[PDB]
Amino acid sequence: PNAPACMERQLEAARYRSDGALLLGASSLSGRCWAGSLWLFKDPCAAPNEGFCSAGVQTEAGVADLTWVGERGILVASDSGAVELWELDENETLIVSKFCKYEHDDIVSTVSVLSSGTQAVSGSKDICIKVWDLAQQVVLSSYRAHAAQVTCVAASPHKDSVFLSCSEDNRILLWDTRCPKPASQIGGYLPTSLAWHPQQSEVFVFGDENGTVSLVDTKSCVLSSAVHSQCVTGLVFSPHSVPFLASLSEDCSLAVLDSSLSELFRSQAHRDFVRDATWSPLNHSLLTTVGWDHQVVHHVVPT
Amino acid sequence: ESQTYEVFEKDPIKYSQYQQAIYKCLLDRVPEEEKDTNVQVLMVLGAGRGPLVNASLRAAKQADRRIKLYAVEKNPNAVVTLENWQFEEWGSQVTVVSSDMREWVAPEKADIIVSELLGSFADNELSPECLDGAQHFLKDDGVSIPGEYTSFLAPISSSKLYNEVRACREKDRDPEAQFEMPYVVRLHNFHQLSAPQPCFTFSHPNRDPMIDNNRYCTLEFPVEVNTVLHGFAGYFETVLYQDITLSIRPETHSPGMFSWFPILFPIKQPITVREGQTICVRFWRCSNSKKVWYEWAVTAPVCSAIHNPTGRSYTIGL
Amino acid sequence: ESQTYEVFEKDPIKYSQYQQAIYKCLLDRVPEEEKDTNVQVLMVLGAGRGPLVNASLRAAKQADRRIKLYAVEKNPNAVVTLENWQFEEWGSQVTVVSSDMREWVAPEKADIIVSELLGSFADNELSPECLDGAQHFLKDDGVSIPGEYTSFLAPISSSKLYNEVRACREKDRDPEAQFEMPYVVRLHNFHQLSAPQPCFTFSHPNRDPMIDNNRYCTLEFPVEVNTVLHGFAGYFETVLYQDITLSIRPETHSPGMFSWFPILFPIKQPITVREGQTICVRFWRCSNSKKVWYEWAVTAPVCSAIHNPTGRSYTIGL
Amino acid sequence: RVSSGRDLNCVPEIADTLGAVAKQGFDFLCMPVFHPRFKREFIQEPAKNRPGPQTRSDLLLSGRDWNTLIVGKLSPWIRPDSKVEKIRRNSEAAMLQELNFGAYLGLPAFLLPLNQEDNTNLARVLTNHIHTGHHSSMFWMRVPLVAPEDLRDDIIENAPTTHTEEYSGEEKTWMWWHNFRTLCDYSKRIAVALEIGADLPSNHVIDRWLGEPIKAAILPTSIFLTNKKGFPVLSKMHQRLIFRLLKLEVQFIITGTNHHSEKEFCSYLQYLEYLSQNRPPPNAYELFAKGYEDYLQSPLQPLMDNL
Ligand SMILES: N=C(N)Nc1ncc(CN2C(=O)c3ccccc3[C@H]2C(=O)NCc2ccc(F)cc2)s1
Ligand SMILES: N=C(N)Nc1ncc(CN2C(=O)c3ccccc3[C@H]2C(=O)NCc2ccc(F)cc2)s1
Ligand SMILES: CSC[C@H]1O[C@@H](n2cnc3c(N)ncnc32)[C@H](O)[C@@H]1O
Ligand SMILES: CSC[C@H]1O[C@@H](n2cnc3c(N)ncnc32)[C@H](O)[C@@H]1O
């Protein structure tokens, strides 16, 4: 289908867009060639079959993290040290490379698009955090705030200048580019994943390496719960008015939590590391997970 | 290491004999009328980087018979090579197993087991113990390749080699530890005092109740010259199947093959030997639950000390 | 040896605690209404010359409950004593088993298992590994005596003991091997620099999935005097059942008992320690399929070398 | 003239990568043996029973290539001194695995990081590996002149950078090394790969590393200034350091992406060559002495012996 013959084993990311087309990033973390790829599925249930895909393309290096840039654009965090942007064509069959800027000196692990949609922030193992402009295709600012590998960065949903970041130095920095000193350290176990609350601009949740999922207000006093037995890889809120939090981990499980971090759902479907989750925008009760076991499981969340 | 497997693979004569050995066994077990009905279950026990696996494929193709391959290998570094080969080349016909053959719980019994667990003294790699442990998942009418192997000994005189061993004294161990351990060596400046005689033999599959791999052999070597005994050169022969064999015994040495060099069992003190006298050597194969080792002693024309008692100087790890 | 078991048996305080420990457990498991209906299956794992067997008989009589005894013992020399006792005294109530507990295939599951596999550092006899291997033939609601044990460490200053260890240098081994191995010793001319702290703990039956007996402990000892660190004194506590315990920790030392002396973990070089500074020691429990061993290193106030890496100087045989 | 290599943490095709690196004029390549992000479980099911190959095949390069041109790197996720017991145990098994594979390939050197104070368990595992087998592979400990914490940008509002002169505190990265090599008991297989920062520390901090086994000197691309022509150069401060390092005869490694995108990547190396040629040449003393650097010989006794 005008795409690579075969995709890689380790599925790293999975995102839905407005209409409900399932994006897929995948990396080869084993074997001869260590490269990555990007795929599109207008049929979610056809995944991860290469013969039944709308779009697909082979990247130079592995895909660490990606996210939607609206509808067409796809921003990538590459192992090469480049932040890559790809854009779907008008037919939405091909995926042409927009830019590919080698700026990070080490693997780009995390990336997130800001409110405006013309900017994005990336995090790398080189310890830097860079602010990009997607129009001019240049780095606006470069910040060596952390003292270790930057694990996760998360743009504030409704604020362009604000974003979170967390690192192995055991810091959770809340940023604000308007200030002279933008970073602000929020006061045991290392932070791994971040997730802003959708309906509240002052709230966020973070998962640690020990498996504890926490609930933090920017003002104050925190709530938490021991969800997973291992590192929390990612946290994604549902599109509901009263949102449910889906938590993934390296313990090969999925858990859907309520407002007070109480366990609603449990799914030991995956046999390998659960890497990403994405709620179906059409049907809010559906949730699609992807893992290194090369499954694309669709869960029916009891709502 | 990688380059240790590399040099093993750089001997085409050995594997051609393995290829031919399996080839013949396939034709014997599977008739012409049951060509595409019967699929033989082969199991390479100690696959390494998979020369025997390749050979087993070639053997099946020239024979034109169906085979199902396993590739058991305990070394996890080699398993990486096997799986990369398996993914690219072999496919689902070869099932790479990353385990010890003594431990591995088989999901299927084998018609043939193929192994390459032999050293310069045949059984100094503990091929007996390994294949005994892997004997359960062989069929009751199953074949082993090799099916048999024997070790040979011959007394030598080498004031060079004696003086070489002598210089292997190391700090922080017995002053005469070096004399109580075998060495792999291309014997060159030496004198073979008598013709090689068989020492230890092993047959697989072993059917003897309470299979004991401990042994005690007495050999008498008629010497026809004055000389000074400095040690015993060790060789081996192995029957792969029937008439297909490998050997490093000088008189029946496989031509071209350069896989195994001879082994040397030194002695602490040189022993005078007059023409007409007989050199009498004794060799034990000893073991416990942890180790296997050899002991040896000369008894004629004069007595030597028993070498390597309780494997104090040299053991082979199980 | 016989006289090694003799001196073990010459401590009545230990076995009285074992007697009391079993006594209590019998009353808990078996109620009054099921006095002569239920017969508890006891299994002494490591019976020796059978003091625990005797104690188990006494405990059953004072409790007035029915018991069925096994007496597992691997040492065949001791088994001779057990069987002579069993024939003359005990009878068919005690079933003497001459086997390793890790191997022995049980014909019946036990309600209680009793063991005496503890040393001066608790787990330096590999009580964890043995009781883990004997865990299968325990009932799902079965008890172990002891149920728990912990080891303690405390830094000491002894220019005597340091100089004593120093003089244990032997021919044909590492010049500093003596410093990389523990010693059982009645500590007398020494100075305990800080209060003992717990190092390693073990609970039986172990229910933790994939039971790993490897450990890594960091301890920080607040020192309040100038001194010179020469080693670490080792003690242990063990919970037999509930409130019944044995201990050689000075502050909670069982009164009268003289079964275990303290253990000593030396260091190659003495370390200066100023008043106010903290001695920071690290202790590993390491193992493979053959051996178990300890490693240790001081990290504050100055670093020492890691002692006994890969059990080069000292191992405990499985 | 100068021996130099290339540090990469991304290799999509091992054969192609070398070709590029070799064409640029580098002698060896520092690269991962397992994919940096390929995190592996060893205890908990079902992730421990992950199928398929764990990494690349050794066949992709020749034995001689592995032995002379490749330098291994410990994966970044391997943290043997983690507070979490699970991550510790996993990192132990993973570290052993990678080191063992390094020995299997027969690599001449292998990089392990010193990026924090407590590297005790790291040392304990490495020491165990050293005392297993008879490999002679070197181990280069990646340790910075200035700790990451001490060179971070002062851009955190409620956590300003230490503006105080801490004489002992500025020598912390040496104490990291000192403790590690003491624990390992001065193994001759363990050496230093000194990573040079953008801002060099005080002079005493640099003098600290005199008489230490420095085999490598890692140079990020970010520390390079740009001249009027528009090509990479270094400061007069860094020039004096490189001049000192050339006397020790260390192997300069280049790490990081090409910030000078206009020019080739050779330019960096060419500058080190430029420096190599532009030094004070060896006098009669240093000409003849070249060979006997730190070579122990017994004092002559012309009285007792006959010369
Ligand atoms: N082949 C298996 N499965 N097992 C085996 N066990 C033992 C084997 C035989 N050898 C050794 O015991 C040995 C020890 C050190 C060095 C080399 C060897 C090896 C050996 O004798 N090789 C001969 C050789 C050496 C160098 C050379 F350029 C060409 C040929 S083969
Ligand atoms: N009791 C089990 N089942 N196991 C055990 N493992 C270890 C144990 C403790 N001991 C030793 O490790 C040891 C070593 C050498 C000599 C003696 C001992 C013994 C010990 O410390 N005994 C004290 C003692 C010594 C002499 C004396 F006249 C009176 C009391 S007890
Ligand atoms: C090709 S050299 C022999 C091979 O057999 C392997 N081997 C030896 N003993 C065993 C065993 N018990 N189980 C599995 N592989 C083994 C060795 O690791 C080596 O790669
Ligand atoms: C009374 S001292 C402890 C006793 O336990 C025995 N013992 C130790 N380990 C085992 C084992 N694995 N199986 C059986 N007996 C054991 C020892 O031989 C000793 O007599």
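Hydrogens, waters and symmetry mates play no part in the numbers below; they use all other heavy atoms, side chains included. Order of the sequence lines sets the chain letters (A, B, ...), proteins ahead of strands, with each chain counted from 1.
Taken from OG in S115(B) to CG in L52(B), the straight-line distance is 8.5 Å, to the nearest 0.5 Å. Distance CG/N206(B) to CG/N213(B): 7.0 Å, rounded to 0.5 Å. Between the CD atom of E116(B) and the CG atom of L45(B) there is a distance of 12.0 Å, given to the nearest 0.5 Å. Taking CZ from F179(B) and CZ from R169(B), the interatomic distance works out to 9.5 Å, rounded to the nearest 0.5 Å. For the atom pair CD1 of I244(B) and CD1 of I22(B), the computed distance is 11.5 Å after rounding to the nearest 0.5 Å. To the nearest 0.5 Å, atom CZ of residue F152(B) and atom CZ of residue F200(B) are 13.0 Å apart.
For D111(B) against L138(B), the heavy-atom pair with the smallest separation is O-CD1, 4.2 Å. When all heavy atoms are compared, the tightest approach of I13(B) to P255(B) is CG2-O, 4.0 Å. Heavy-atom minimum distance, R285(B) versus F202(B): CD-CZ, 3.8 Å. Of all heavy-atom pairs spanning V72(C) and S99(C), the tightest one is CG1-O, 3.5 Å. Among all heavy-atom pairs drawn from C280(B) and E220(B), the shortest one is SG-CG, 4.2 Å. Across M101(C) and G46(C), no two heavy atoms sit closer than the pair CE-N, 4.1 Å.
Side-chain N or O atoms of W260(B) include one that pairs as donor or acceptor with a backbone N or O of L118(B) at under 3.5 Å. Under the 3.5 Å distance criterion, the side-chain polar atoms of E125(B) are matched with a main-chain donor or acceptor of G119(B). No donor-acceptor pair under 3.5 Å is formed between the side chain of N308(B) and the backbone N or O of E295(B). Here the side chain of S127(B) pairs no donor or acceptor atom with the backbone of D123(B) at under 3.5 angstrom. Using a distance-only test at 3.5 Å, with no hydrogens or angles considered, a donor-acceptor pair links the side chain of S158(B) to the main chain of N189(B). Not a single donor-acceptor pair under 3.5 Å links the side chain of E148(B) to the backbone N or O of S203(B). Within the 3.5 Å criterion, the main-chain N or O of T252(B) finds a donor-acceptor partner in the side chain of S247(B). Using a distance-only test at 3.5 Å, with no hydrogens or angles considered, no donor-acceptor pair links the side chain of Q242(B) to the main chain of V239(B).
Salt-bridge check for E32(B) with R65(B): passed, with a basic side-chain N closer than 4.0 Å to an acidic carboxylate O.
For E251(B) and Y235(B), the side-chain atoms include no donor-acceptor pair closer than 3.5 Å. Inspection of the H204(B) and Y149(B) side chains reveals an N or O donor paired with an N or O acceptor under 3.5 Å. A donor and an acceptor atom, one from each side chain of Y294(B) and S151(B), are nowhere located under 3.5 Å apart. For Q40(B) and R29(B), the side-chain atoms include at least one donor-acceptor pair closer than 3.5 Å. Side-chain atoms of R215(B) and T201(B) include no donor-acceptor pair closer than 3.5 Å. Using modelled atom types and a 3.5 Å distance limit, the side chains of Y314(B) and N124(B) yield no donor-acceptor pair. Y5(C) and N75(C) form a side-chain donor-acceptor contact under 3.5 Å, judged by distance and modelled atom types alone.
For the pair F236(B)/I248(B), a side-chain contact is recorded, criterion being any heavy-atom separation below 4.5 Å from C-beta on. No side-chain heavy atom of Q135(B) sits less than 4.5 Å from a side-chain heavy atom of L131(B). For the pair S159(B) and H230(B), the minimum side-chain heavy-atom distance is below 4.5 Å. Looking only at side-chain heavy atoms (C-beta outward), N288(C) and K291(C) come within less than 4.5 Å of each other. The closest side-chain heavy-atom distance from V223(B) to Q277(B) is not below 4.5 Å. Annotation: side chain of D58(D) is in contact with side chain of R49(B) (closest heavy-atom distance under 4.5 Å). Side-chain contact between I267(B) and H307(B) is present, with heavy atoms from C-beta onward closer than 4.5 Å. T132(D) is not listed as a side-chain neighbour of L96(D), based on a closest heavy-atom distance of 4.5 Å or more.
Atom CZ of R186(B) has more than 12 neighbouring heavy atoms from other residues, nucleotides or ligands inside a 6.0 Å radius. The 12-atom threshold is not exceeded at NZ of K61(B), counting heavy atoms of other residues, nucleotides or ligands nearer than 6.0 Å. No more than 12 heavy atoms of other residues, nucleotides or ligands shown are found within 6.0 angstrom of NZ on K160(B). Atom CG of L59(D) is surrounded by more than 12 heavy atoms from other residues, nucleotides or ligands within 6.0 Å. Within 6.0 Å of the CD atom in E1(C), the count of heavy atoms belonging to other residues, nucleotides or ligands does not exceed 12.
Classification of the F232(B)-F221(B) ring pair by plane angle, with boundaries at 30° and 60°, yields tilted. Using cut-offs of 30° and 60° on the angle between ring planes, the pair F283(B) and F121(B) is tilted.
With sequence neighbours left out, the side chain to side chain donor-acceptor pair (under 3.5 Å) criterion links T245(B) to no other residue. When the side chain to side chain donor-acceptor pair (under 3.5 Å) test is applied to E180(B), the partners found at least two apart in sequence or on another chain are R312(B), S313(B). The side chain to side chain donor-acceptor pair (under 3.5 Å) search around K68(B) returns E108(B), not counting sequence neighbours.
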- Could you give me the CA-CA distance, side-chain angles and deciding distance for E170(B) and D172(B), then say whether side-chain contact (heavy atoms from CB on, under 4.5 Å) is met? CA-CA 7 Å; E170(B) 296 183 0; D172(B) 309 353; over 6 Å; no

- Item | Residue pair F265(B), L153(B): steps toward the side-chain contact (heavy atoms from CB on, under 4.5 Å) verdict | CA-CA 9 Å; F265(B) 288 92; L153(B) 285 170; 4.1 Å; yes

- Task: Decide yes or no on side-chain contact (heavy atoms from CB on, under 4.5 Å) for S194(B) and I279(B), but give the supporting numbers first.
- Result: CA-CA 9 Å; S194(B) 182; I279(B) 296 176; over 6 Å; no

- Query: Stepwise, does the side-chain contact (heavy atoms from CB on, under 4.5 Å) test hold for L318(C) with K290(C)?
  - Reply: CA-CA 6 Å; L318(C) 281 166; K290(C) 291 184 178 180; 5.9 Å; no

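For the side-chain contact (heavy atoms from CB on, under 4.5 Å) with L42(B), the qualifying choice from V53(B), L26(B), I113(B) is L26(B), the only one to do so.
Ring centroids of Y18(B) and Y241(B) are separated by 6.0 Å or more, keeping the two rings apart.
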